[PDB]
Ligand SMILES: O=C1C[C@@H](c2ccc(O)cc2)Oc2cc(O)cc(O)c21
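Below you will find one chain, with nothing else, as structure tokens; this is the form deposited without this ligand, and questions on how it binds or moves follow later.
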């Protein structure tokens, strides 16, 4: 066991191995607060994330478990990975805190776009990297579910990683089917989000800045058009079907008339990503092979993931059970080479 030391930063006491030095608060998310630190083992600047109230409730405990399971799985250039996980607890009995250690990236994509529209070349590279990471995540039958600029980190080399959570309204980036059904949907919900992000990088503006869920869908249908009969016939919920059928008919827009002056290949890709019907939306693997990425695409360096056991997602367990499973995962952790 390493030697731990204690310090108070903000409202919270941090107890970490002496390996991590010069902790400095950088901010907090919904699921925890984060300090930048110097990692004496690697010489790297790292992010140390202390999860908030990890075992407060059943859903908190299951969320903590989920977070650790997902982070332990991710081994890809374009996805956040786990450098270390630790607890100051010496036994399961006293186990109440979870710290996660990851690479510290320079900024998030919200910071970058909040002043600038990016050149097409830089958009190619950023979206390429997001899709490369997504191919990997999706290959493990994992859906991210919350891709947005604040959940994408970039360093000074313009290298990008998809994050677990950031430190920008989710609804603005959410696929329209997450309002119309739930039976069900697929990995392309993340592709919708990528489309929204790409549009924003190209224009400097949020594509669909809805004030609420009704406004959100209205803004979406103004671009992509109101559903045709062929899509309507695939909607199982009477209320959802009647909701969208009661809207005033909006024709689909030619995206070239919206993203004026953009690379025609960029516009073509956006047309394929922002399809209303998720059965017809482009996949991450398909998108990587799109002509827009001709400068970057390498079918032999776009790896897939090891299989991920998400059977736990369907289980209903007690707080101490999720807590015990989380403890197992801390103990079994093997640091990356």
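Residues that one form lacks are left out of the comparison. Residue numbers count along the first chain shown, from 1. Just so we're on the same page, rigid core means the largest C-alpha set that superposes within 1.5 Å between forms.
Gaps at residue 153 occur in none of the other compared entries of the protein that contain both adjacent residues, all of which model it rather than a third dropping it.
Modelling of residue 111 is missing from a third or more of the other compared entries in which both of its neighbours are modelled. Unmodelled residues of the deposited sequence between residue 167 and residue 168: 10 or more.
Per the PDB record, of the two stretches 71 to 79 and 242 to 250, 242 to 250 carries the greater mean B-factor over its C-alpha atoms. The question of which stretch, 326 to 334 or 4 to 12, has the higher mean Cα B factor is settled in favour of 4 to 12. The entry assigns its greatest Cα B factor, within the set 141, 215, 84, 120, to 120. Considering 230, 200, 146, 159 together, the PDB entry gives 230 the largest C-alpha B factor. Annotation for residue 296: C-alpha temperature factor in the highest third relative to the rest of the modelled chain, per the entry. Per the PDB record, residue ranking by Cα B-factor puts residue 275 in the middle third of the chain. In the PDB entry, a CA B factor belonging to the middle third of its chain's modelled residues is recorded for residue 204. Compared with the other modelled residues of the chain, the Cα B-factor recorded for residue 193 ranks in the lowest third. When the CA B factors of the chain's modelled residues are split into thirds, the value for residue 36 lands in the middle one.
Although not depicted, the form deposited with this ligand bound is the subject of the following passage.
Among heavy atoms of residue 198, none comes within 4.5 Å of this ligand in the deposited complex. In the deposited complex, this ligand sits within 4.5 Å of a heavy atom belonging to residue 67.
Interface residue remark: residue 164 is counted as part of the site for this ligand in the deposited complex, having a heavy atom within 4.5 Å. Although the partner is absent here, residue 103 sits close enough that one of its heavy atoms falls within 4.5 Å of this ligand in the deposited complex. In terms of contact with this ligand in the deposited complex, the residue from 207, 267, 223, 71 that brings a heavy atom within 4.5 Å is 71. Though this ligand is absent from this view, in the deposited complex it lies within 4.5 Å of a heavy atom of just one residue from 191, 130, 202, 153, which is 153. Contacts between stretch 46 to 67 and this ligand, counted in the deposited complex as any heavy atom lying within 4.5 Å, involve 47, 49, 67, listed in sequence order. With the core fitted between this form and the one not shown, just one of 186, 181, 155, 211 shows a Cα displacement of at least 2 Å, namely 181. Listed alone, 179 to 183 marks the only place where three or more consecutive residues have CA shifts of 2 Å or more between this form and the one not shown on superposition of the core.
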